[PDB]
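Worksheet for the structure shown next.
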Amino acid sequence: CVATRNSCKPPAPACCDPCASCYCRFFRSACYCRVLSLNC
């Protein structure tokens with residue numbers, strides 16, 4: 001799965017708990033899992 005301090009690494013069903021998603025900086029550089037949602 002795509003963990004919180006880890007690069008976006010498939011085959012993965014998003015992150016290990018369902019409210020976090022992969023968040024890049026520059027094309028594919030610095031892509032780490034992020035809890036953006038307030039409820040889910």
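How things are named: the first chain in the structure tokens is A, the next is B, and so on; residues count from 1 in each chain; ligands count from 1 in the order shown.
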Could you pull out all residues of range 2-40 of chain A with a DSSP call of strand (DSSP E or B) and give them as a VMD selection string?
-> chain A and resid 21 to 23 26 29 32 to 34
Serialized selection, N, CA, C and O atoms, as a PDB file, in the first residue's frame:
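The resulting file, selection04.pdb, is reproduced below:
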ATOM      1  N   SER A  21      -4.402   9.822   0.529  1.00  0.00           N
ATOM      2  CA  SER A  21      -4.078   9.678  -0.927  1.00  0.00           C
ATOM      3  C   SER A  21      -2.649  10.210  -1.312  1.00  0.00           C
ATOM      4  O   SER A  21      -2.061  11.042  -0.612  1.00  0.00           O
ATOM      5  N   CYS A  22      -2.078   9.735  -2.437  1.00  0.00           N
ATOM      6  CA  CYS A  22      -0.735  10.171  -2.925  1.00  0.00           C
ATOM      7  C   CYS A  22      -0.653  11.674  -3.375  1.00  0.00           C
ATOM      8  O   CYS A  22      -1.443  12.140  -4.203  1.00  0.00           O
ATOM      9  N   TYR A  23       0.311  12.427  -2.816  1.00  0.00           N
ATOM     10  CA  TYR A  23       0.413  13.904  -3.006  1.00  0.00           C
ATOM     11  C   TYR A  23       1.837  14.308  -3.521  1.00  0.00           C
ATOM     12  O   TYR A  23       2.795  14.417  -2.749  1.00  0.00           O
ATOM     13  N   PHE A  26       6.457  17.935  -7.924  1.00  0.00           N
ATOM     14  CA  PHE A  26       6.949  18.411  -9.252  1.00  0.00           C
ATOM     15  C   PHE A  26       6.963  17.219 -10.270  1.00  0.00           C
ATOM     16  O   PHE A  26       7.932  16.454 -10.328  1.00  0.00           O
ATOM     17  N   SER A  29       8.364  13.951  -8.566  1.00  0.00           N
ATOM     18  CA  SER A  29       9.262  14.167  -7.395  1.00  0.00           C
ATOM     19  C   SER A  29       8.492  14.496  -6.070  1.00  0.00           C
ATOM     20  O   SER A  29       7.495  15.228  -6.069  1.00  0.00           O
ATOM     21  N   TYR A  32       4.174  11.563  -1.547  1.00  0.00           N
ATOM     22  CA  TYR A  32       3.981  10.867  -0.231  1.00  0.00           C
ATOM     23  C   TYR A  32       2.464  10.851   0.183  1.00  0.00           C
ATOM     24  O   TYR A  32       1.692  11.732  -0.220  1.00  0.00           O
ATOM     25  N   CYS A  33       1.999   9.877   0.999  1.00  0.00           N
ATOM     26  CA  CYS A  33       0.553   9.794   1.364  1.00  0.00           C
ATOM     27  C   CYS A  33       0.049  10.880   2.381  1.00  0.00           C
ATOM     28  O   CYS A  33       0.671  11.162   3.416  1.00  0.00           O
ATOM     29  N   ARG A  34      -1.102  11.491   2.063  1.00  0.00           N
ATOM     30  CA  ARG A  34      -1.604  12.716   2.740  1.00  0.00           C
ATOM     31  C   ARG A  34      -3.109  12.558   3.124  1.00  0.00           C
ATOM     32  O   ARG A  34      -3.964  12.343   2.256  1.00  0.00           O
TER      33      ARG A  34
END
Within 12 Å of residue 3 in chain A using only C-alpha atoms, minus same-chain residues under 4 positions, as a ChimeraX atom specification = /A:7-10,12-23,31-35
